[PDB]
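Novice:
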Amino acid sequence: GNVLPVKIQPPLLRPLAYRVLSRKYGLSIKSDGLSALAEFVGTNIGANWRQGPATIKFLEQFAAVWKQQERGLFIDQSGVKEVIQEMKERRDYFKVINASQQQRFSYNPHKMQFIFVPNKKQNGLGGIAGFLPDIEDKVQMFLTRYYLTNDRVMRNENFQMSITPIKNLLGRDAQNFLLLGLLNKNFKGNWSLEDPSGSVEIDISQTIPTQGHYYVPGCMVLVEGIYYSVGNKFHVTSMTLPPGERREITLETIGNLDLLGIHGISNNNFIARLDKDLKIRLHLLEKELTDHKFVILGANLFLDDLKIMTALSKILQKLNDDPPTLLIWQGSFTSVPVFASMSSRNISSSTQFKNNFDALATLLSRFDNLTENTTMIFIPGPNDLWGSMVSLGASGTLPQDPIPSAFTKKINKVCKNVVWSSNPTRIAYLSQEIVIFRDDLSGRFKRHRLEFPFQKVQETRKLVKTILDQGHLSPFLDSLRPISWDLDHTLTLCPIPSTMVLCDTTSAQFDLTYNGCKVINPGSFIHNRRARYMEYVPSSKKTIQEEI
Amino acid sequence: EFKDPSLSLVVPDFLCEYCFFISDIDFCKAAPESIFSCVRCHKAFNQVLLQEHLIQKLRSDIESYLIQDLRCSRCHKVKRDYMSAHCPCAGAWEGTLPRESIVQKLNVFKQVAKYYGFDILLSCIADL
Amino acid sequence: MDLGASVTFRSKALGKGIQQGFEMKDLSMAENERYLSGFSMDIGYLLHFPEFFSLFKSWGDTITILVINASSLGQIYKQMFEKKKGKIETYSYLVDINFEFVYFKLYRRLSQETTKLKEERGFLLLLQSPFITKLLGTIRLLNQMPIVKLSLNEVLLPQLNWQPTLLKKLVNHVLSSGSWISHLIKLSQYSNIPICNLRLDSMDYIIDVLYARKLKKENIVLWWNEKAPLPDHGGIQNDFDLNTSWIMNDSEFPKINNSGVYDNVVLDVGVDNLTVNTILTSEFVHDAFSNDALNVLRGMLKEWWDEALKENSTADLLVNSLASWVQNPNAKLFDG
Ligand SMILES: [Zn+2]
Ligand SMILES: [Zn+2]
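Chains as they are written, first to last, in PDB author numbering: chain A, 5 to 94, 167 to 236, 266 to 559, 594 to 687; chain B, 2093 to 2220; chain C, 1439 to 1450, 1454 to 1491, 1497 to 1513, 1523 to 1551, 1556 to 1563, 1568 to 1585, 1588 to 1747, 1777 to 1830.
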């Protein structure tokens, strides 16, 4: 109310509200709205019932705020919330999301359009077991990947020659063709290309591949060759990975869809888009960006050894004076995978894992400025709690679970902003998309390179070109890296991110950029009696520092 | 019609440090004051070990379900291609490991964890 | 593994080789180890019970415990003295008596006592705490002498009347250290292993050492692994493979049950030593385990059985612990 509120009689105010909300704009005023307006004409007692313009303009502002939320034919108990919004209308706006809460969007080959898919948690019960994907999900996952790759290839400028589906190769011979699909080994043990139409065999004896790519099983490839019906051999003469596209050109095909929706989202009922505030937020980001710095550390910071703790203490000593905006720790937090202990005589490995994080809370006590001003991010490593329980330190499921709450009951209480996410995690800045992914890449692509019968900066160039042209974080079949059936969309590089935080302990540090995106390659947290960590300036500039 | 008034949840290859006794222990059908002590030697068992073993069994179960193969409904031949709608003959793919089986297994994990004091197992459930 | 504790030289520059580090690859060999040493030398003792840091000296005559007790301590020590008169007598030649009792800003005295014992004797140290690495890393002096660790962790307080139970624990540890060291010297002079590198419950370690040296004299790569419960294979073992996944989780065992009512007599029998008999009795297949290692292990188990038949307690214990070593992934040289 006002300083001198006067309780109203609802019947006499009824015409003033009803006229505005039922003849000019709006509809179907409820009792809650009328009671709210009673309170807020108590907040506007000044000469009211004889003063028109002030209450009328407040009502039209109310309408201008209300009519942008859904359709709003009824006014529920949110009305007080929009009135608080009215009061408040007289760094934030950035979000970090994990692979668990990413929205699902299918792709339809017959409608050439992305389709929203309801999340199982929002509509389903989810109290017993809602996280288990259905059987046909793994059937359709490769179909979805192939459809997306087909669309991406056919949108290319050069291709307007046309490829031919595999099954249409039975009746012709001694004619050149062009085709693409999954590359794998058949049951017999020969090289084959698989397509939704069918599969053929590959002749490799005279192949000249395009250099600069890691030709690996499980990767989309473009094959030009001559069919031969005497056997079933598609004699290959050239081979190249499909080209990639920048962010804006892929976006405009769907305008600007609300995939990573922070301003607005789409769901089953409606589809939403936005480009008006993109330039405004770009201009906002262009300023005070140097003040909003975020620094990342190396991989596999084991919290058991004394040397790592001492180096970390020195890093925090240098850092506490100037706390950044975001701080990220990546890699495993224990040098030995945790699993079943057959002996009760010694400390349980789970208890040791709990103990290791407890000391970190103690070390946070002497760096209060960092704990007070900078949020903290933790990303699980290859041999942390849940994975190593069944993987025992080897590669496992990629949509990895976050750090369990039961073993982090003190870090959440000491620090004020800590977020645990999956191994692939996506953050949403004002005008930037950043993704972080921690695993082993160079060794994997080196060991599984395909063989062709016939200065270290080139290897990272090949790796980046391959991972960006393929457009999928895990270009490997289900034999190598098992993936949860439904969450595969999280690993998709549909509209490629602005910056990629690609950490590989088997690769040297790099700061390359390619095709509208830039990639950073942090190394291990320590090496050769030294420790290092890197920071990235939001103005597309990078810095490297070493403190031993 | 008479049925079994209880289910089963068995942990294989359970080891006793003091006696080196190897036996499979049933968490549901077995009576109390026998889960906590070895059969031959009457020595009490560690409890967080029991919780860890249950968690490991559950996680291995989930992984095994997630890595299962696909079988055709009419002819029981196995799927041999990465992308394909259905069998060349009539019939639609079905999973080797049905969903309701693992759902019931998780239900009985829930009941077992609720009956005794098992907090880390409850946390393991909660993260799902 | 290759050299063992029984070290000797055959230089035939010894001073020049001891002012600097003596190189071993050119000159090394292992002699016989029937008797390790005639031991007559002092001992140390530092213990912790989760603020219950405790110390004792074999040649000392005082006991001080960091922050009714004295009388109970004396009576309990005397009581277990008469109750283990025989064991004390038979291990007096290892460790030998009432001592002064004390129950003691105070947390810095560990450094002082360690320094005092450092300049007082040159005495093996026995450690018993759940925080052995912490104690080693917070007392810099403890790295200057050989130490033997006897970690028996997971000790807790009853929240009431912890004095009698802790007194019992400390007194039984003190009067059983002699039997402990007797068993340790037996195992060491039987298995050619240094004292400090041994432990009471490290049966798997001796298995690894003996099997590894038997393979080293053979032409078989050891696949030795450290700080990881996976066999070493050149890095290929880090990748996920289906057959490995299925052999890892194939742990269920079948059984036979034939219900019914029986009027005939039925006998109940027990079967024991099944795994050892199974092992001793009995290119194309890629999942098969190496035949050479299997044969070597069978021969080793057979010789252990034969030696244990001829009144060897250590061989009997090894035979008993073989199965637990096989199942346990924590042991090194472990292959699923
Ligand atoms: Zn037992
Ligand atoms: Zn069929």
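For each residue, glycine too, the CB sits at the ideal point set by N, CA and C.
(1) In the structure shown, what three-state DSSP assignment does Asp473(A) receive?
(2) Helix, strand or coil: how does DSSP classify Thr513(A) here?
(3) Whose CA, out of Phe292(A), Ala21(A), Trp434(A) and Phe181(A), lies closest to the CA of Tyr2174(B)?
(4) Counting pairs of beta carbons, one from the segment 340 to 359 of chain A and one from the segment 499 to 519 of chain A, are three or more of them closer than 8 angstroms?
(5) Run the proximity test for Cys2108(B): is its beta-carbon closer than 7 angstroms to any non-hydrogen atom belonging to ligand 1?
(6) Mind checking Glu1683(C): buried by the 16 CB within 10 Å criterion, or exposed?
(7) By Cβ distance below 6 angstroms, which residues in the same chain neighbour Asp2116(B) in space, the five residues on each side in sequence not counted?
(8) I'd like to know if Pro2097(B) contacts chain C, where contact means its C-beta is closer than 8 angstroms to some C-beta of that chain.
(9) Check the Cβ-Cβ distances between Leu208(A) and every residue of chain B, and say whether any is below 8 angstroms.
(10) Where does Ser2165(B) land, buried or exposed, given buried means 16+ other C-beta within 10 angstroms?
(11) According to DSSP, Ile665(A) sits in a beta bridge with which residue or residues?
(12) Could you tell me the alpha carbon to alpha carbon distance between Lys214(A) and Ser623(A), rounded to whole angstroms?
(13) Please tell me whether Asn517(A) has its Cβ less than 8 angstroms away from any Cβ of chain B.
(14) Find the nearest neighbour of residue 2247(B) within the set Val2200(B), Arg2163(B) and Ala2218(B), judged by alpha-carbon distance.
(15) In three-state terms, what does DSSP make of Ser304(A)?
(16) Could you list the residues in the segment 2104 to 2119 of chain B with a C-beta less than 9 angstroms from some C-beta on chain C, going in chain order?
(17) Using a cut-off of 8 angstroms between C-beta atoms, extract the partners of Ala499(A) located in chain C.
(18) For the segment 465 to 476 of chain A and the segment 406 to 419 of chain A, state whether three or more C-beta atom pairs, one from each stretch, are separated by less than 8 angstroms.
(19) Please specify which runs of the beta strand (DSSP E), each continuous and at least 3 residues long, are wholly inside the segment 399 to 485 of chain A, giving them in chain order.
(20) Residues near ligand 2, CB to any non-hydrogen atom under 5 angstroms, in chain order?
(21) Less than 7 angstroms between C-beta atoms, sequence neighbours within five positions excluded: which residues of the same chain meet that for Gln65(A)?
(22) Is it buried or exposed, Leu1455(C), if we count other Cβ atoms within 10 angstroms and call 16 or more buried?
(23) Using the Cα positions of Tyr672(A) and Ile1712(C), report the straight-line distance between them to the nearest angstrom.
(24) Does the beta-carbon of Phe2113(B), which I'm using as the reference point, lie nearer than 7 angstroms to any heavy atom of ligand 1?
(25) Pick from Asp1829(C), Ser1500(C) and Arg1475(C): whose alpha carbon is nearest that of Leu1569(C)?
(26) What is the DSSP secondary structure of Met639(A), reduced to helix, strand or coil?
(27) Does DSSP put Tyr1562(C) in a helix, in a strand, or in coil?
(28) I'd like to confirm something about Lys412(A): is its beta-carbon nearer than 7 angstroms to some heavy atom of ligand 1, or not?
(29) Please report the distance separating the alpha-carbon of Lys272(A) from that of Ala175(A).
(30) Any chance the CB of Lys1682(C) is under 7 angstroms from a heavy atom of ligand 1?
(31) Taking its Cβ as the centre, do 16 or more other Cβ atoms sit within 10 Å of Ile532(A), making it buried, or is it exposed?
(32) Starting from the N-terminal side, write out each stretch of the beta strand (DSSP E) that is 3 residues or longer and does not extend beyond the segment 289 to 365 of chain A.
(33) Starting from the beta carbon of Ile2147(B), find every residue of chain D whose beta carbon is closer than 9 angstroms, and list them in chain order.
(34) If I'm right that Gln648(A) touches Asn660(A) with Cβ under 8 angstroms, what's the distance once you round it to whole angstroms?
(35) Measuring from the CB of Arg2132(B), is there a heavy atom of ligand 1 at a distance below 7 angstroms?
(36) How about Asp2219(B): is its C-beta nearer than 8 angstroms to some C-beta of chain A?
Specialist: Straight from the coordinates:
(1) helix
(2) coil
(3) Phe292(A)
(4) no
(5) yes
(6) exposed
(7) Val2102 and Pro2104
(8) no
(9) yes
(10) exposed
(11) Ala670(A)
(12) 8 angstroms
(13) no
(14) The structure shown has nothing for residue 2247(B), since chain B only spans 2093 to 2220.
(15) strand
(16) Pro2104, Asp2105, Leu2107, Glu2109, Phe2112, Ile2114 and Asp2116
(17) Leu1695, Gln1702, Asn1703, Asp1704 and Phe1705
(18) yes
(19) 399 to 401, 431 to 435 and 480 to 484
(20) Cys2164(B), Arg2166(B), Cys2167(B), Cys2179(B), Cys2181(B) and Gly2183(B)
(21) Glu90
(22) exposed
(23) 41 angstroms
(24) yes
(25) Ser1500(C)
(26) strand
(27) strand
(28) no
(29) 37 angstroms
(30) no
(31) buried
(32) 296 to 299, 304 to 308, 326 to 331 and 338 to 345
(33) Checking the listed chains, one finds no chain D in this structure; the protein chains it contains are A, B and C.
(34) 6 angstroms
(35) yes
(36) yes
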